[PDB]
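**Q** This one's a deposited entry, sequence included:
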Amino acid sequence: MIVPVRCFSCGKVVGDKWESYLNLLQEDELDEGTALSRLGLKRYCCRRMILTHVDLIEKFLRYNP
Amino acid sequence: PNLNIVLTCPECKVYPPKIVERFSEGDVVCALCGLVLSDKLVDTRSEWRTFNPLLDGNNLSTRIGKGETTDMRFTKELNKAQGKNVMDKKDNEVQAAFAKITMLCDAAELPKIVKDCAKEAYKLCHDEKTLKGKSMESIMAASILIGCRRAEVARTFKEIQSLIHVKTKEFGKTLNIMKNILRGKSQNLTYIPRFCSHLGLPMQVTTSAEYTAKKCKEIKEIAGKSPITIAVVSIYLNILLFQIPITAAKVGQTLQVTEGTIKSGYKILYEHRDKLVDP
Amino acid sequence: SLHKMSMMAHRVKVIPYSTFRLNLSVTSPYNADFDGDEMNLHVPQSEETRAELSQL
Amino acid sequence: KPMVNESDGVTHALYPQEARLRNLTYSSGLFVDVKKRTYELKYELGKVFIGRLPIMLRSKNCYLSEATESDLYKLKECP
Amino acid sequence: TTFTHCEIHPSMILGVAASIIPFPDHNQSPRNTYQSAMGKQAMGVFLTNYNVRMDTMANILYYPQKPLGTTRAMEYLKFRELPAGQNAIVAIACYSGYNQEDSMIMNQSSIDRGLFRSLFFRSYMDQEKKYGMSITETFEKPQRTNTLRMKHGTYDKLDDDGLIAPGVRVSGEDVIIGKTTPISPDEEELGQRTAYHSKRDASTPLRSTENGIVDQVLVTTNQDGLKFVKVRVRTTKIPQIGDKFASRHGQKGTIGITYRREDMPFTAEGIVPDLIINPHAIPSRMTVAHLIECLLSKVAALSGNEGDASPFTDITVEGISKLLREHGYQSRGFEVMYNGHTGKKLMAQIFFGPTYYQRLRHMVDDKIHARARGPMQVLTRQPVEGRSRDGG
Amino acid sequence: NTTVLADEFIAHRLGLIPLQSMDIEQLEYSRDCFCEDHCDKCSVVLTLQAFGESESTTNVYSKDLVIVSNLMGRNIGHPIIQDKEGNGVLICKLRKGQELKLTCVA
Amino acid sequence: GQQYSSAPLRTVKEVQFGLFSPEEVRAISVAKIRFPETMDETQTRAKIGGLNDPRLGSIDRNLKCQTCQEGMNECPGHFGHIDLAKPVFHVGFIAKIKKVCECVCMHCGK
Amino acid sequence: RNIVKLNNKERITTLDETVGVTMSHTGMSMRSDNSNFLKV
Amino acid sequence: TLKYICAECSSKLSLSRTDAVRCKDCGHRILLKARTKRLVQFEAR
Amino acid sequence: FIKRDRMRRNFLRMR
Amino acid sequence: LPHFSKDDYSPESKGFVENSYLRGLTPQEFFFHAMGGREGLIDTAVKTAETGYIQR
Amino acid sequence: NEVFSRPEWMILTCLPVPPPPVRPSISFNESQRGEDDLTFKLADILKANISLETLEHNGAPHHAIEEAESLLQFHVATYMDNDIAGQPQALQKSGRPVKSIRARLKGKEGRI
Amino acid sequence: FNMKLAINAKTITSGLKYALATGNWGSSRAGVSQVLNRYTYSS
Ligand SMILES: [Mg+2]
Ligand SMILES: [Zn+2]
Ligand SMILES: [Zn+2]
Ligand SMILES: [Zn+2]
Ligand SMILES: [Zn+2]
Ligand SMILES: [Zn+2]
């Protein structure tokens, strides 16, 4: 959840690519492969992270502490 | 005759047993020289897994009911045999009395703690000489009221009186001598949330009638004239301070209080309105 | 344990972690597979039963 | 509707979260109009509580059936 | 000709558990049954309000990930919103022999970065009671001077009310909730009961083999007004060698051994497998869908579009081989791997690609136990039964 | 910590965050230094304080870490920023009414 | 871990199975057990002459079991009895006795 | 004839009050008699 | 006395003993215990 | 051969 | 099945699976294959349950 | 065999009472004390025996004597074997059948 | 006569609460009520 830090194989930093990723998706309306091609990811080991991420922290923050 | 096993360390013998008990290893060991005192430790939690002395005592009994493969003739012959031996003990009154008391408490929607306190009170009284009768109704009503006073619960005399017709006077005498029995075997604030629940009032009016009840208990004048009227006039003032309308007739017919009494208390209460403001 | 081969003595080798490690040439008489299968280990407490257990 | 009568005597509304936290039983009270008559022989001369009934969640009697998304987030119940 | 009705879709004949299976047509039925049975115990996220609940024995995965070869029915089962597993790069090879008999080798560097790490929440509920009003249990911190039958655990983590505040790191044999019971002097008088006079200890400690950080503690009166207290302790369970893992095709097995990146085989591009399994799993079990999900998962990981893994469709293997061929890799899923120890090229190409996996409830930390002279039963005076009771 | 995330989970995410490591050659190990615990010879002390302000959620970045320990002329401890927008690694999100104060020992 | 005994140690060989004679039951027993109550009236100790009196065995370690002394980890136990005023039949023999009633005369007993 | 296939029954009515009134009328409410039935 | 927190309104009560279990200002009997004021050390491994 | 999840833009651009 | 005609003795409708696991199976074949799988599981379970009693 | 078995011995006259080492009672929390089922059966045998002696001492209703005799026979019969066919089953006050000795020696995972 | 002693509520309350509390539906029927398995969403 909430953007996994680094990657689960290669080790490249990806946490700083989520905000841009969504920014490229909601602004440029590009596809997922095109956005992942703009972020700089060239290996599918990283691609499965952003592509298969299920951000559940948004559904966790809607609860009052 | 003795029969008291005391564990001591023959090597230390310098102090009474200041030992430690190792349950995982099943031993008990002296915490000084480290010498074990006993092996193969028994457990109390493990024998309890398969499974009331406070009320039933040490008496044992077993039911006889019908079997998987049996005849109905044998079930009746065994129950009729117990019906002839039921006179051997005078404990039939405790089960029937606890059954009817169970029905009344279950009819009054009281918690199980008041039920156990009332059963314990009736067990303390039971069949003594100073009781000398009361036809089983007054000891039950008075036992319920005692179990209510012990569990910090509040039930008015007109409530149990509305449940059981005990004629009040004999109820008061039986409750008095019963209180003497309890003393020989050695608070109106709780009424406010109950009547506020009867009227369906918010929490601010409840705690406002709490502060009003305590302050009115501190101001003196009239003192009380039974705490029920102080409660109903306190809630009456705290509800005439806001805007939720009930008037005097509805609250007088719901809480069973006289209108002239809540107005008589509302007069002097309105006279003491000065020092009753919380905010 | 339906075989007499299903219970066999073994030489202890102390290794870390928490799983019993063994060679795969013994999983056929035990009829076992490395998928969550638990096994039992009994220890003799006498030299006579240890020698009789090692020679038989 | 679902309700809870406490030990002191106060009865208030019940929510499934507080029902799970307080180890209570999510039920609702049941009343019946009981009519009585006295004949003397065909000469002819009350809302009583009968018991509680456990209410299934997401049902027309439970409070959560009419709740929205944000309301379920207020009641601390996942949508 | 006389067709009166028509099926909406054949894939709807399956149940809920079988709907998670990718391409069940290409897989044998008993594997669909075994996977349908393992789908009822995998780790995941059941709801979002678990932060405000006191459920007993909970397991919430750190990074839940939706699969690549997804079935349309999952859209109706809320699986993409609440997945119960993670996609892991998997190679199918006979490496150092530690993969035989359904054994798996997992990358250690991937574990250190948080792969398949889950949280376990254990709730200890205690309650004080009153028998006949005369004896009243009270939650308090027991003093070692006047309290008899006190456990050997430490009582420094308790407060004045007899509870542990959340955040305090606790371990096994630690008392979480201190409760004492009144006793009578002329009732037992056992050992030193005529000297302690006061009360008897009856606290509820934590499990012997458990440890972690107390997450949340709450106190409330129940129905009859008895003050009970619920505790919830969290513990991260890092995947160990003895932990079991399953997939979506009936394939289940524990980890054989864990190696590091430099000890794991690698391809010419630089992707290291996070999990390697034994080839001999496939032919016997005849699960062909496990390879089709890996291939289609690779094509889905390269193209960026989640592949449709519905049962009865028109998707064939040749089309997925062509789509993978368009991306530059081998159309049959093979890829040239290099050894990790010598850096030499392997003679046989390895089937290499991502695959969705799930972590089951079965773990070694809740199974291993040894007994050497412990407590006996009261009836037969024999060793007791159960791991919590230290049984043989 | 009032976050919805677990404490050791946040500690894991912070553990995965990279840092600058140029002049690390002249920084001795923890076991090699003869002091107790740590000192300006073995480790670098960092800290993080985040608090939700407005109604919109605040994002905690790696750049929010400040260096409160002396470097003695070294160039380590600076969070590596490789994003095109100038924002560090998204550690966690916070709403109004939740604080997060911690001290890390690199 | 038990206490040493001076009796000669031998193995158990022949085992004979037989019925319990009432005279032998009265010769083995030590108590009569007349009170159906469990513990004493004071809710403590034992009833002394009841269902579980110190004349039998005991548990709880602390108690000594009067008639063996020693402890519970050593006490084999002790036997009581119940002298009935009306003879009863045994279940497992109800058939056998019946067969005997069909094998012998019901008057002269031949 | 199509219209006769539309017969329905009334559903159970839910009392919407503040509960405390009805719950007060359940148990002891200091109100007895008020109705002559089996009074002999 | 010890600091307690209300279930719904999350107010600071800090009630002492013999005060039952009930929030002031609202009738929510769920009272929180609050987290300890001392530091807790963790490891990133 | 992939799950078409961009039907919102197609339906928004078609209707 | 209610998807074929009555009095049909063709091998395809009577349970023949002419497709392979490489190209997938049709519903009317996957159903029969599920019947065979469940039958295999039940048969193995009964054979084990009786095998234990025979063993004792 | 005269030295071991007798038809007179087949008819029960005196009943042995086993020690608590056979039926270990429990005293949990000093206020929740549980007694074994055989203990309750012995209590039933004592109540039926004393009741029969009291009914046979003063007067003789001829019918209550047979009811108490069948009651004692039922308590001893269920004490030896509770699961007897054609006879009612004795049930404890908790809601479970009475555990007899034969039940301890009959079912699997028992004494054998 | 009294309406509080004639109509009892613990028969319906104890019957529904006991039947929905235990596995039995009153042994006729057993295993009807089971604890909800919260291992995952598909469970
Ligand atoms: Mg196996
Ligand atoms: Zn990667
Ligand atoms: Zn010593
Ligand atoms: Zn240093
Ligand atoms: Zn003895
Ligand atoms: Zn509050």
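**A** Nice, thanks for sending it over. Numbering: from 1, shown residues only, chains lettered A, B, ... in the order given. Ligands and ions are numbered 1, 2, ... in the order given.
**Q** which non-adjacent residue is nearest the closest residue to ligand 6 within chain G?
**A** With CB to the ion, the shortest gap between chain G and ligand 6 falls at residue G:43, namely 45.7 Å. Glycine gets a C-beta too; all of them are placed from N, C-alpha and C. Nearest non-adjacent residue to residue G:43, counting by CB to CB, 6 or more residues apart in numbering or on different chains: residue B:53, 6.2 Å away.
**Q** who's in contact with the nearest residue to residue B:154 once chain neighbours are set aside?
**A** Sequence neighbours aside, residue B:190 is the residue nearest to residue B:154 in space, at 3.9 Å (criterion: CB to CB, 6+ apart). Neighbouring residues of residue B:190 by CB atoms under 8 Å, 6 or more residues apart in numbering or on different chains: B:152-154, D:8.
**Q** cool, residue E:217 as well?
**A** E:163-166, E:229-232, I:33.
**Q** so what's the residue in chain C positioned nearest to chain A up against?
**A** Per CB to the nearest CB, residue C:17 is where chain C lies closest to chain A, at 22.8 Å. The contact partners of residue C:17, taken as CB under 8 Å, 6+ apart, are E:240-242.
**Q** quick one, phi psi at it?
**A** The phi/psi pair for residue C:17 (degrees, to the nearest 10) reads phi 60, psi -160.
**Q** circling back to that earlier point, neighbours of the residue nearest to residue G:43, how many?
**A** By the criterion of other CB atoms under 10 Å in any protein chain shown, residue B:53 has 18 neighbours.
**Q** where's it relative to residue L:31, distance?
**A** Taking CB to CB, to the nearest Å as the measure, residue B:53 falls 6 Å from residue L:31.
**Q** now do residue A:58
**A** Applying CB to CB to residue A:58 and residue L:31 gives a distance of 53 Å.
**Q** Next: residue B:234.
**A** For residue B:234, the distance to residue L:31 - CB to CB - is 42 Å.
**Q** Would stretch E:18-28 count as contacting chain M?
**A** Yes: counting by CB under 8 Å from any CB of the partner chain, chain M is contacted by stretch E:18-28 at residue E:20.
**Q** roughly how far out does that stretch sit from the chain middle?
**A** On the basis of CA atoms, centre = their mean, to the nearest Å, stretch E:18-28 sits 23 Å off its chain's mean C-alpha point.
**Q** ditto for stretch B:35-46
**A** Counting by CA atoms, centre = their mean, stretch B:35-46 comes out at 40 Å from the chain centroid.
**Q** Please apply the same query to stretch K:25-33.
**A** Centre-to-centre, stretch K:25-33 and its host chain are 9 Å apart (CA atoms, centre = their mean).
**Q** got the buried residues for that stretch?
**A** K:25, K:27, K:29-33 (16 or more other CB atoms under 10 Å in any protein chain shown).
**Q** Could you check how far the residue in the stretch 251-392 of chain E positioned nearest to ligand 4 is from residue E:57?
**A** Ligand 4 sits closest to residue E:260 of the stretch 251-392 of chain E, with a gap of 28.8 Å, by CB to the ion. Noted for residue E:260: a distance of 33 Å to residue E:57, by CB to CB.
**Q** swap in residue B:25?
**A** 28 Å.
**Q** surely residue E:322 meets residue E:331?
**A** Yes: counting by CB atoms under 8 Å, residue E:322 does reach residue E:331; the two are 6.8 Å apart.
**Q** who's more crowded, the two?
**A** Remark: of residue E:322 and residue E:331, residue E:331 carries more neighbours, 16 against 13, as counted by other CB under 10 Å.
**Q** Contacts only, for that one.
**A** If you count contacts by CB under 8 Å, 6+ apart, then residue E:331 has E:321-322, E:324-325 around it.
**Q** Also residue G:83?
**A** Contacts for residue G:83 (CB under 8 Å, 6+ apart) come out as G:26, G:32, L:14.
**Q** 6 Å - rerun?
**A** Counting by CB atoms under 6 Å, 6 or more residues apart in numbering or on different chains, residue G:83 touches residue L:14.
**Q** That one - that's part of a helix, no?
**A** No: using DSSP: H, G, I helix; E, B strand; the rest coil, the assignment for residue G:83 is strand, not a helix.
**Q** I'd like the distance between it and ligand 3.
**A** To ligand 3, residue G:83 is 49 Å away according to CB to the ion, to the nearest Å.
**Q** In the sheet, which residues pair with that residue? Tell me.
**A** residue L:14 (DSSP bridges).
**Q** What is the burial count for the closest residue to residue E:18 other than its chain neighbours?
**A** What sits nearest to residue E:18 in space, not counting adjacent residues and going by CB to CB, 6+ apart, is residue E:36, at 5.0 Å. Counted with other CB under 10 Å, residues neighbouring residue E:36 total 20.
**Q** same deal with residue E:9?
**A** Using other CB under 10 Å, residue E:9 has 13 other residues around it.
**Q** List phi and psi for it.
**A** phi -160, psi 140.
**Q** hmm, back to that, in strands, which of the contacts of residue C:17 appear?
**A** For the contacts of residue C:17, not one is inside strands, with DSSP state E as the criterion.
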